[PDB]
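Chemist: Contents of target-v3.cif (mmCIF, C-alpha atoms) are given next:
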data_data
loop_
_atom_site.label_atom_id
_atom_site.label_comp_id
_atom_site.auth_asym_id
_atom_site.auth_seq_id
_atom_site.Cartn_x
_atom_site.Cartn_y
_atom_site.Cartn_z
CA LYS A 105 32.63 66.65 -29.40
CA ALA A 106 35.42 65.88 -31.87
CA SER A 107 35.82 62.43 -30.34
CA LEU A 108 32.07 61.90 -30.48
CA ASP A 109 31.95 62.93 -34.13
CA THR A 110 34.78 60.52 -34.90
CA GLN A 111 33.00 57.83 -32.90
CA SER A 112 29.77 58.55 -34.75
CA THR A 113 31.57 58.24 -38.07
CA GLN A 114 33.19 55.00 -36.93
CA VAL A 115 29.97 53.33 -35.76
CA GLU A 116 28.26 54.25 -39.05
CA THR A 117 31.12 52.65 -40.98
CA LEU A 118 30.81 49.53 -38.82
CA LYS A 119 27.07 49.43 -39.49
CA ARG A 120 27.75 49.74 -43.22
CA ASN A 121 30.36 46.98 -42.93
CA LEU A 122 27.85 44.81 -41.07
CA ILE A 123 25.31 45.38 -43.85
CA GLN A 124 27.97 44.42 -46.41
CA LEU A 125 28.78 41.33 -44.34
CA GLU A 126 25.07 40.48 -44.22
CA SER A 127 24.92 40.86 -48.01
CA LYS A 128 27.96 38.58 -48.36
CA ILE A 129 26.32 35.70 -46.46
CA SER A 130 23.25 35.98 -48.74
CA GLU A 131 25.54 35.73 -51.78
CA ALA A 132 27.14 32.61 -50.29
CA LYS A 133 23.66 31.14 -49.75
CA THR A 134 22.81 31.86 -53.39
CA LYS A 135 25.97 30.00 -54.45
CA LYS A 136 24.94 27.11 -52.20
CA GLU A 137 21.48 27.11 -53.78
CA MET A 138 23.04 26.72 -57.24
CA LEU A 139 25.05 23.75 -55.92
CA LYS A 140 21.84 22.25 -54.51
CA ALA A 141 20.21 22.46 -57.95
CA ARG A 142 23.15 20.51 -59.43
CA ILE A 143 22.64 17.78 -56.81
CA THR A 144 19.04 17.25 -57.95
CA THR A 145 20.23 16.52 -61.51
CA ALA A 146 22.58 13.84 -60.14
CA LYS A 147 19.66 12.37 -58.17
CA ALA A 148 17.57 12.24 -61.35
CA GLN A 149 20.23 10.08 -63.04
CA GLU A 150 20.05 7.68 -60.07
CA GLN A 151 16.25 7.59 -60.42
CA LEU A 152 16.58 6.47 -64.05
CA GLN A 153 18.70 3.51 -62.93
CA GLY A 154 15.98 2.53 -60.45
CA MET A 155 13.41 2.46 -63.26
CA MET B 1 51.68 -12.12 -63.81
CA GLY B 2 49.10 -14.33 -62.12
CA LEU B 3 48.51 -12.00 -59.18
CA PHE B 4 47.01 -9.43 -61.58
CA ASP B 5 45.19 -12.28 -63.36
CA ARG B 6 43.84 -13.62 -60.06
CA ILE B 7 42.29 -10.25 -59.23
CA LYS B 8 40.26 -10.22 -62.46
CA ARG B 9 38.66 -13.58 -61.70
CA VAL B 10 38.01 -12.47 -58.13
CA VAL B 11 36.61 -9.12 -59.22
CA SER B 12 34.09 -10.68 -61.59
CA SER B 13 32.87 -13.09 -58.92
CA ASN B 14 32.77 -10.34 -56.30
CA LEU B 15 30.92 -7.91 -58.55
CA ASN B 16 28.34 -10.54 -59.50
CA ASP B 17 27.77 -11.53 -55.88
CA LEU B 18 27.41 -7.91 -54.74
CA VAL B 19 24.83 -6.88 -57.36
CA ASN B 20 22.67 -9.97 -56.77
CA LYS B 21 22.31 -9.32 -53.04
CA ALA B 22 21.05 -5.78 -53.68
CA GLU B 23 19.09 -6.58 -56.86
CA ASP B 24 15.58 -5.74 -55.66
CA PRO B 25 13.44 -3.54 -57.87
CA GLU B 26 11.38 -2.08 -55.00
CA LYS B 27 14.34 -1.48 -52.65
CA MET B 28 16.53 0.31 -55.19
CA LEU B 29 13.74 2.64 -56.29
CA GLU B 30 12.69 3.35 -52.70
CA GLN B 31 16.18 4.27 -51.51
CA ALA B 32 16.65 6.70 -54.39
CA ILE B 33 13.14 8.07 -53.91
CA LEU B 34 13.67 8.61 -50.19
CA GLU B 35 16.87 10.54 -50.89
CA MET B 36 15.05 12.52 -53.57
CA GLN B 37 12.18 13.24 -51.19
CA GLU B 38 14.65 14.44 -48.57
CA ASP B 39 16.41 16.53 -51.20
CA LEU B 40 13.08 17.96 -52.33
CA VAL B 41 12.22 18.86 -48.74
CA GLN B 42 15.67 20.39 -48.33
CA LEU B 43 15.23 22.27 -51.60
CA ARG B 44 11.87 23.57 -50.42
CA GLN B 45 13.45 24.60 -47.12
CA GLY B 46 16.30 26.23 -49.03
CA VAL B 47 13.82 28.07 -51.23
CA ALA B 48 11.96 29.22 -48.11
CA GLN B 49 15.30 30.22 -46.59
CA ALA B 50 16.21 32.00 -49.82
CA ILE B 51 12.87 33.83 -49.75
CA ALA B 52 13.52 34.78 -46.13
CA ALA B 53 17.04 35.85 -47.08
CA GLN B 54 15.63 37.85 -50.00
CA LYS B 55 13.15 39.51 -47.65
CA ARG B 56 16.00 40.45 -45.32
CA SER B 57 17.88 41.96 -48.27
CA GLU B 58 14.74 43.88 -49.25
CA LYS B 59 14.45 45.27 -45.73
CA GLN B 60 18.10 46.32 -45.88
CA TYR B 61 17.48 47.81 -49.32
CA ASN B 62 14.44 49.67 -47.98
CA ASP B 63 16.53 51.08 -45.14
CA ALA B 64 19.15 52.25 -47.63
CA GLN B 65 16.46 53.98 -49.69
CA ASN B 66 15.16 55.69 -46.55
CA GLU B 67 18.70 56.78 -45.67
CA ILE B 68 19.14 58.29 -49.13
CA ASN B 69 15.91 60.25 -48.71
CA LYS B 70 17.11 61.47 -45.32
CA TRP B 71 20.45 62.41 -46.86
CA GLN B 72 18.68 64.34 -49.63
CA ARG B 73 16.82 66.41 -47.03
CA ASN B 74 20.13 67.09 -45.27
CA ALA B 75 21.70 68.13 -48.57
CA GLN B 76 18.85 70.60 -49.14
CA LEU B 77 19.37 71.93 -45.61
CA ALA B 78 23.09 72.33 -46.29
CA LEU B 79 22.36 74.51 -49.33
CA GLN B 80 20.14 76.71 -47.16
CA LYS B 81 22.90 76.81 -44.53
CA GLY B 82 25.41 77.90 -47.17
CA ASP B 83 28.22 75.68 -45.90
CA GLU B 84 30.02 74.09 -48.87
CA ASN B 85 31.54 71.25 -46.84
CA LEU B 86 28.21 70.01 -45.46
CA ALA B 87 26.66 69.91 -48.93
CA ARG B 88 29.63 68.07 -50.42
CA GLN B 89 29.54 65.37 -47.75
CA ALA B 90 25.84 64.73 -48.33
CA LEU B 91 26.34 64.31 -52.08
CA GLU B 92 29.13 61.79 -51.54
CA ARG B 93 26.96 59.80 -49.12
CA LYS B 94 24.08 59.73 -51.59
CA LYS B 95 26.25 58.43 -54.45
CA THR B 96 27.78 55.46 -52.59
CA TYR B 97 24.39 54.50 -51.17
CA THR B 98 22.79 54.69 -54.61
CA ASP B 99 25.49 52.46 -56.07
CA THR B 100 25.04 50.02 -53.20
CA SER B 101 21.27 50.06 -53.67
CA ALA B 102 21.64 49.40 -57.39
CA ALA B 103 23.99 46.51 -56.68
CA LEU B 104 21.58 45.15 -54.08
CA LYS B 105 18.68 45.46 -56.52
CA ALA B 106 20.62 43.61 -59.20
CA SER B 107 21.51 40.90 -56.69
CA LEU B 108 17.90 40.72 -55.56
CA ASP B 109 16.69 40.39 -59.14
CA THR B 110 19.20 37.60 -59.74
CA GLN B 111 18.14 35.98 -56.47
CA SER B 112 14.49 36.30 -57.47
CA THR B 113 15.23 34.66 -60.81
CA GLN B 114 17.17 31.90 -59.05
CA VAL B 115 14.46 31.06 -56.50
CA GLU B 116 11.85 30.92 -59.28
CA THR B 117 14.03 28.47 -61.20
CA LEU B 118 14.42 26.37 -58.06
CA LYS B 119 10.65 26.39 -57.56
CA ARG B 120 10.19 25.28 -61.17
CA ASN B 121 12.81 22.58 -60.63
CA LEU B 122 11.00 21.46 -57.48
CA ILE B 123 7.75 21.24 -59.44
CA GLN B 124 9.54 19.19 -62.10
CA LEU B 125 10.98 16.97 -59.35
CA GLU B 126 7.48 16.58 -57.90
CA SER B 127 6.22 15.60 -61.35
CA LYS B 128 9.05 13.06 -61.67
CA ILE B 129 8.09 11.22 -58.47
CA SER B 130 4.48 10.95 -59.73
CA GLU B 131 5.77 9.43 -62.98
CA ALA B 132 7.79 6.90 -60.96
CA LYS B 133 4.65 6.06 -58.96
CA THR B 134 2.75 5.51 -62.22
CA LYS B 135 5.48 3.11 -63.36
CA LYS B 136 5.21 1.32 -60.01
CA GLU B 137 1.43 1.08 -60.44
CA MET B 138 1.91 -0.66 -63.80
CA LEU B 139 4.26 -3.14 -62.10
CA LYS B 140 1.64 -3.73 -59.39
CA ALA B 141 -0.94 -4.60 -62.07
CA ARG B 142 1.46 -7.22 -63.48
CA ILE B 143 1.80 -8.78 -60.01
CA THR B 144 -1.98 -9.34 -59.82
CA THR B 145 -1.87 -11.39 -63.04
CA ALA B 146 0.82 -13.62 -61.50
CA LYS B 147 -1.36 -14.00 -58.39
CA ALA B 148 -4.31 -15.06 -60.58
CA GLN B 149 -2.23 -17.92 -62.02
CA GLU B 150 -1.48 -19.08 -58.46
CA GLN B 151 -5.21 -18.93 -57.67
CA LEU B 152 -5.96 -21.29 -60.57
CA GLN B 153 -3.55 -23.85 -59.08
CA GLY B 154 -5.40 -23.61 -55.76
CA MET B 155 -8.69 -24.44 -57.50
#
How would this structure read if it were set down as C-alpha cells?

Modeler:
Amino acid sequence: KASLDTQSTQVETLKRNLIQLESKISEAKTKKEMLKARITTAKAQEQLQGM
Amino acid sequence: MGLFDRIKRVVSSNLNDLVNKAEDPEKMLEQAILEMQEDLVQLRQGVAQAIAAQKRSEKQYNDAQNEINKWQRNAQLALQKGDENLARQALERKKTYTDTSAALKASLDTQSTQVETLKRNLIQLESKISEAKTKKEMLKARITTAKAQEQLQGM
C-alpha cells in the first residue's frame, strides 16, 4: 500500500510534468509564430522591389 | 595594386551582366509573389496550428479546473473527516493548480492576441497581393496600346 501510494504520487507528478512539457512546446510554437510574422515583413520589402 | 583594381572593373561588368539576364518585370514579381503565396499558406497553416494548439491548451486548462473542483470536494471531505494532514494536502494542491491555471490563462490570452494579429497580418498580406494584381492590370492595359500601334503597321 505504501509503495502503491508512492507510485500513485509519482505517476501524478509525471502527468503534471507531461502537461508542463506540453505547455512548453506550445510556447515554442508561439515564439516560432512571432518569427514567421517577421519573415512576412521581409517578403513585403522584396515585393516593393518587384513593383 | 592592380589586382585590387582589376576586380573593380570585373565586378562592374559582372554585376551589369547578371542583372540584365534576370531583368524581367513579370518574372521578378512572380517569383516574389509565389514565395509570398507560399508564406501566406504557411502562415494560415500556422494560424490553424496555433488555433489547434490553443484548443489543446484550453482542454488542458479545463482539466485543471475540473481537478481543482475535485480537490475542493476532497478538502471539504477532509474537514468532515477531521484529519488535519488530509486537509492541508488538499489546500496545497489547489494553490499550485490555481497558479498554473492562471499562468495558462495568461498564456492563452497572449496566444489569442497573437493569432488575431497574425490573422490581421494575413488579411493585410492578402490585400497586398490584390494591389500588386491591380498594378499588373495597369501594365497589361499599356501593352494593348503598344499592340494597337503594331496593328496600324499591318494595315

Chemist: Pick out the residues sitting within 9 Å of residue 39 in chain B, and hand them over as a count of residues only; count all atoms listed in the file, and ignore anything fewer than 2 positions along from it in its own chain.

Modeler: 12

Chemist: Counting all atoms listed in the file, which residue out of B:125, B:32, B:3, B:91 sits closest to residue 79 in chain B?

Modeler: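 Distance minimum relative to residue 79 in chain B lands on B:91.
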
Chemist: May I ask which of the residues B:12, B:38, B:52, B:60 is the closest one to residue 122 in chain A, counting only C-alpha atoms?

Modeler: B:60

Chemist: For the file shown, what are the residues hit by the PyMOL selection byres ((chain A) within 9 of (chain B)), laid out as a ChimeraX atom specification?

Modeler: /A:123,126-127,130-131,133-134,137-138,140-141,143-144,147-148,150-151,153-155

Chemist: What is the distance, in Å and to one decimal place, between CA of residue 75 in chain B and CA of residue 90 in chain B?

Modeler: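 So the answer is 5.4 Å.
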
Chemist: Select, from B:67, B:139, B:8, B:18, the residue with the minimum atom-to-atom distance to residue 120 in chain A, counting only C-alpha atoms.

Modeler: B:67
